[PDB]
Q: 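One structure coming up, written as structure tokens, with questions to follow.
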There are 2 protein chains.
Amino acid sequence: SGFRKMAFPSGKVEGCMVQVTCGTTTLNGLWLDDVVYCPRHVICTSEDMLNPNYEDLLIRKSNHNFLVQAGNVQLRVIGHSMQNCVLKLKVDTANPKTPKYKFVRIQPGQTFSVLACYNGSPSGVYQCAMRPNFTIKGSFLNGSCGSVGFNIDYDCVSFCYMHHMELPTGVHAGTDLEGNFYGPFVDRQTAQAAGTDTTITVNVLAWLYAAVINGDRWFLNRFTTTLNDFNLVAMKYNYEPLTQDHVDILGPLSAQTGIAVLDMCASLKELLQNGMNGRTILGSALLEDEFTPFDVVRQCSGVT
Amino acid sequence: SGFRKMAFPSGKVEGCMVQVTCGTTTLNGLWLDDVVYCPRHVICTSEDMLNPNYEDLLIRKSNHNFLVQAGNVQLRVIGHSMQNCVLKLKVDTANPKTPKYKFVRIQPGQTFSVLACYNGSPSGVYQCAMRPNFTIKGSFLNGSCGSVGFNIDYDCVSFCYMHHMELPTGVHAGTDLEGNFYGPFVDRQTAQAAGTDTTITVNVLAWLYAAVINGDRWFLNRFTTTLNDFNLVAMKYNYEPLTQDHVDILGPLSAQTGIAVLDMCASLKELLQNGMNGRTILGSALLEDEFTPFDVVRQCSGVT
């Protein structure tokens with residue numbers, strides 16, 4: 001037992017990371033087969049971002065303006081193209097450590113692991129959720145762009161995030177691996193900011209089910225609520241309204257524990273209205289919303 | 001910016017994990033050079049733990065009673081010995097992916113990454129602290145024993161923990177890689193339990209320095225305290241008394257930020273006495289104590 005914010009093992013992604021240099025800008029790229037993917041902003045100087053015509057900037061570049069380093073080895077760039085906000089550099093060598101992989105675009109509320117990298121080398125791994133405002137709460141410094149987020153299924157790496165920028169509140173925005181930003185964000189110097197960050201209700205309920213699986217049951221009660229009644233309380237305290245689709249995906253955990261979803265909603269409603277009595281659930285004095293229902297099943301039963 | 005509970009990349013340790021089977025017991029082992037390390041309890045049946053004479057149990061075993069599987073491949077055991085609570089199985093093949101490594105024993109308050117494994121295969125990675133009561137807050141199920149905790153320096157993996165058992169409160173106990181348990185715990189069915197878990201004061205202060213580095217400065221004030229005055233407050237709220245050695249290791253962060261250690265103690269003292277105004281530091285409504293001063297420097301500057 002026990003329940004922790006747990007990332008996927010990073011070894012499969014570590015073997016994909018390379019360093020990309022253009023001009024005086026150095027960041028990370030993702031090397032899969034004979035392609036290296038990286039943020040298109042690598043082609044900007046310091047002052048190019050004011051009104052960047054990425055099309056004109058890339059037209060002025062040739063292959064030899066892109067330096068790719070895999071460990072100690074230079075990879076020769078033999079082609080380049082742009083797809084949305086991502087650059088694709090064709091190289092003359094296929095990555096011998098290419099995993100089976102997919103490019104996926106995730107939904108708000110879903111989770112993934114981040115491998116933070118600098119100089120094309122892995123530095124740390126942590127778990128993130130795509131927030132309802134389409135930011136992630138990352139830990140990223142200068143040179144981290146091109147670090148990726150991913151999930152693993154069996155031996156298949158699903159890449160879902162590439163890191164591009166930091167917003168004023170210290171949260172982060174990026175693209176899928178087709179170069180399309182999550183949310184309304186863009187790789188330009190405009191007055192962008194994260195909106196209000198709503199609590200992911202279905203994930204809080206999933207975490208309460210994790211608590212029940214781990215023997216924390218003090219917050220359960222014998223009285224049920226209605227979806228409408230729960231959502232009345234959810235609007236205050238800044239929780240996402242619970243939908244029938246959200247109730248649906250909590251079904252497997254409800255069946256496993258014997259606790260009806262609307263009974264868990266009644267428990268959560270009591271917790272919101274009356275607060276936690278300095279009390280811990282799974283050792284935390286706060287309600288956690290960065291575990292999906294699938295995350296809970298994986299950590300409690302699936303990993304075995 | 002941003003600050004997250006961040007684990008080391010796990011790829012170097014993933015290549016060391018194997019499955020060890022003895023009788024009907026299956027768990028994980030650590031394969032380094034031509035040795036596989038695993039908990040000695042693998043030699044017990046279900047009922048052997050009541051009064052286990054590990055010496056007699058191991059004397060009755062031969063090499064062919066130990067099955068080691070690395071991926072799809074059986075490794076042949078050619079020798080066996082016991083060192084404290086760890087079994088060492090000599091195998092006929094040296095691990096081709098053996099990293100440079102050290103076996104280290106850590107102190108309470110220090111942190112490490114855990115690679116949770118089942119069936120000799122990696123499942124997840126997360127960051128832990130050795131608590132003052134010599135437990136860790138892990139996430140471990142049946143079959144996870146033999147999973148290891150580690151730190152990385154450059155290319156050198158410092159192994160510091162091997163997982164053995166779970167205590168009644170859902171926290172965990174284990175050994176260093178020489179088989180010596182952390183704390184008073186043993187691999188026997190006795191009425192063991194985690195004591196009171198004190199808050200790691202020096203780590204909370206380190207985290208407050210991380211907050212200042214990240215632009216959270218609202219909790220700072222212009223009035224200093226004394227070490228004795230701070231500790232008077234620290235005894236209540238269940239914080240470790242701050243020692244001169246603890247003040248010493250906060251020195252580098254104090255110099256970097258310009259905030260004297262006793263000024264940060266005054267800030268922490270105010271936070272404890274008056275509470276946090278539903279307020280966030282680094283996005284958390286709780287004070288975090290699972291980052292060491294070295295962890296903060298690594299995540300804020302060192303990873304670049």
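Chain A is the first sequence line, chain B the second, and so forth, proteins listed ahead of strands; every chain is numbered from 1. The figures here come from the full heavy-atom set of this structure, side chains too, leaving out hydrogens, waters and symmetry mates.
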Q: Using a 3.5 Å distance criterion without hydrogens, assess whether the side chain of B:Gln127 forms a donor-acceptor pair with backbone atoms of A:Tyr126.
A: no
Q: Tell me which one of A:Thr292, A:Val202, A:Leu287 satisfies side-chain contact (heavy atoms from CB on, under 4.5 Å) with A:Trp207.
A: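 Answer after filtering A:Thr292, A:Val202, A:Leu287: A:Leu287.
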Q: If we only count heavy atoms from C-beta on, is the B:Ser254 to B:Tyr209 side-chain gap below 4.5 Å?
A: yes
Q: Does atom CG of A:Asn53 have more than 12 heavy-atom neighbours, drawn from other residues, nucleotides or ligands, at distances under 6.0 Å?
A: yes
Q: Give a yes-or-no answer on whether the side chains of A:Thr243 and A:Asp245 include a donor-acceptor pair shorter than 3.5 Å.
A: no
Q: Is the NZ or CZ atom of A:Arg105 positioned over A:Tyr182's six-membered ring, under 6.0 angstrom from the centre and within 45° of the axis?
A: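 Yes, a cation-pi geometry.
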Q: Kindly say whether A:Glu178 contributes a backbone atom to a donor-acceptor pair with the side chain of A:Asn84 at under 3.5 angstrom?
A: yes
Q: Check whether any side-chain heavy atom of A:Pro9 lies under 4.5 Å from a side-chain heavy atom of B:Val125, and answer yes or no.
A: no
Q: Determine yes or no for a side-chain-to-main-chain donor-acceptor pair under 3.5 angstrom, with B:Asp176 supplying the side chain and B:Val104 the backbone.
A: no
Q: A:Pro168 and A:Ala193: which non-hydrogen atoms are nearest, and at how many Å?
A: CD-CA, 4.3 Å
Q: With distance as the sole test, does B:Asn28 use its side chain to make a donor-acceptor pair with the main-chain N or O of B:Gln19 at under 3.5 Å?
A: no
Q: Checking side-chain polar atoms at under 3.5 Å, does A:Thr198 have a donor or acceptor matched by the opposite partner on A:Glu240?
A: no
Q: Check whether A:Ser158 reaches the backbone of A:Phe150 with its side chain - one donor and one acceptor, N or O, closer than 3.5 Å.
A: no
Q: Any side-chain heavy-atom pair from A:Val20 and A:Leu89 closer than 4.5 angstrom?
A: yes
Q: Is it true that, when you exclude A:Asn51 itself, more than 12 heavy atoms of the residues, nucleotides or ligands shown sit nearer than 6.0 Å to its CG?
A: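 Atom CG in A:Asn51 is not crowded, with 12 or fewer foreign heavy atoms closer than 6.0 Å.
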Q: Measuring from A:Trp31:CH2 to A:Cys16:SG, what's the distance to the nearest 0.5 Å?
A: 9.5 Å
Q: Between A:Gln69 and A:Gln74, is there a donor-acceptor pair closer than 3.5 Å when you use the side chain of the first and the backbone of the second?
A: no
Q: Which residues pass the ring pair (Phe, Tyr, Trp, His ring centres under 6.0 Å) test with B:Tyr101, sequence neighbours left out?
A: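 Testing B:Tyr101 for ring pair (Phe, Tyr, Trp, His ring centres under 6.0 Å), a comparison that skips the adjacent residues, returns B:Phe103.
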Q: For B:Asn119 and B:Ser121, indicate whether the former's side chain and the latter's backbone hold a donor-acceptor pair under 3.5 Å.
A: no
Q: With side-chain contact (heavy atoms from CB on, under 4.5 Å) as the test, would you mind laying out the steps for A:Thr196 and A:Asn238 before giving the verdict?
A: CA-CA 9 Å; A:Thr196 287; A:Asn238 193 36; 3.7 Å; yes
Q: Go through the steps to decide whether A:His41 and A:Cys145 satisfy the test side-chain contact (heavy atoms from CB on, under 4.5 Å), and finish with yes or no.
A: CA-CA 9 Å; A:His41 205 107; A:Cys145 290; over 6 Å; no
Q: Can you tell me how far apart CD (B:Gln110) and CE (B:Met130) are? Round to the nearest 0.5 Å.
A: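 One gets 9.5 Å once the value is rounded to the nearest 0.5 Å.
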Q: With heavy-atom distances below 4.5 Å as the criterion, would you say the side chains of A:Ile136 and A:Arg131 are in contact?
A: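 No, side chains not in contact.
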Q: As an exercise, state the distance from CG of B:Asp289 to CG of B:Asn203, rounded to the nearest 0.5 Å.
A: 6.0 Å
Q: Please give me the minimum heavy-atom distance between A:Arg40 and A:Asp187, naming the atom from each residue.
A: NE-OD2, 2.8 Å
Q: Does NZ in A:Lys97 sit with more than 12 non-hydrogen atoms of other residues, nucleotides or ligands closer than 6.0 Å?
A: no
Q: Provide the closest heavy-atom pair for A:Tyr118 versus A:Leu141 in the form atom of the first, atom of the second, distance.
A: OH-N, 2.9 Å
Q: Quick one: closest heavy-atom pair of A:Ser147 and A:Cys117, and the distance?
A: OG-N, 2.9 Å
Q: In terms of side-chain heavy atoms, does A:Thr45 have a donor or acceptor partner in A:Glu47 at a distance below 3.5 Å?
A: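 No, because no side-chain N or O of A:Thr45 sits under 3.5 Å from a partner of the opposite role on A:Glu47.
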Q: Between A:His164 and A:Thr175, do the side chains contain a donor N or O and an acceptor N or O under 3.5 Å apart?
A: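 A pair is found: one side chain offers a donor N or O, the other an acceptor, under 3.5 Å apart.
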Q: Atom CZ of residue position A:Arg76 - does it have more than 12 heavy atoms of other residues, nucleotides or ligands inside 6.0 Å?
A: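 Open.
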Q: Are A:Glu288 and A:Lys5 close enough for a salt bridge, meaning some N to O gap below 4.0 Å?
A: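 Counted as a salt bridge, because a side-chain N and a carboxylate O are separated by less than 4.0 Å.
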Q: Under the ring pair (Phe, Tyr, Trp, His ring centres under 6.0 Å) test, which residues partner B:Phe140, sequence neighbours left out?
A: B:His163, B:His172
Q: Determine the minimum heavy-atom distance between B:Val36 and B:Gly29, stating which atoms define it.
A: CG1-CA, 4.0 Å
Q: For the pair A:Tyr239 (side chain) and A:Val204 (backbone), establish whether a donor and an acceptor sit closer than 3.5 Å, ignoring hydrogens and angles.
A: no
Q: Ignoring hydrogens and geometry, is there a side-chain-to-backbone donor-acceptor pair from B:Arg4 to A:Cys128 under 3.5 Å?
A: no
Q: Can you find a pair of side-chain heavy atoms, one from B:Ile281 and one from B:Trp218, that are under 4.5 Å apart?
A: yes
Q: If we only count heavy atoms from C-beta on, is the B:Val212 to B:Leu220 side-chain gap below 4.5 Å?
A: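 A side-chain contact under 4.5 Å exists here.
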Q: Looking at residues at least two apart in the chain, or sitting in another chain, which of them share a ring pair (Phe, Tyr, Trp, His ring centres under 6.0 Å) with B:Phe112?
A: B:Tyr161
Q: Indicate yes or no for a side-chain donor-acceptor contact from A:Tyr54 to the backbone of A:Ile43 under 3.5 Å, with no hydrogens or angles considered.
A: no
Q: Within this structure, what is the CD-OG distance for the pair A:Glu166 and A:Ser144, rounded to the nearest 0.5 Å?
A: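 Result: 8.0 Å between the selected atoms.
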Q: Pair B:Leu177, B:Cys160 - check side-chain contact (heavy atoms from CB on, under 4.5 Å), show working.
A: CA-CA 6 Å; B:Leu177 267 296; B:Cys160 60; over 6 Å; no
Q: Out of curiosity, A:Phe8 CZ to A:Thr111 OG1, how far, rounded to the nearest 0.5 Å?
A: 7.5 Å
Q: Salt bridge check, B:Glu290 against B:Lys137: does any charged N sit closer than 4.0 Å to a carboxylate O?
A: no
Q: Provide the closest heavy-atom pair for B:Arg298 versus B:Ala7 in the form atom of the first, atom of the second, distance.
A: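 Taking B:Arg298 first and B:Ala7 second, the nearest heavy atoms are NH2-O, 3.9 Å.
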Q: In the structure I gave you, are the side-chain heavy atoms of B:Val157 and B:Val13 within less than 4.5 Å of one another anywhere?
A: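 Yes, their side chains come closer than 4.5 Å.
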Q: Once you round to the nearest 0.5 Å, how far does CG of B:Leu208 lie from CG of B:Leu282?
A: 8.5 Å
Q: Check whether any side-chain heavy atom of B:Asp153 sits under 4.5 Å from a side-chain heavy atom of B:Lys102, and report yes or no.
A: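 They are not in contact (no side-chain heavy atoms under 4.5 Å apart), so the answer is no.
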Q: Apply the test side-chain contact (heavy atoms from CB on, under 4.5 Å) to residues A:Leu32 and A:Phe159: give CA-CA distance (whole Å), side-chain angles for both, the deciding distance (0.1 Å), then the verdict.
A: CA-CA 11 Å; A:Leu32 302 173; A:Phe159 295 104; 3.9 Å; yes
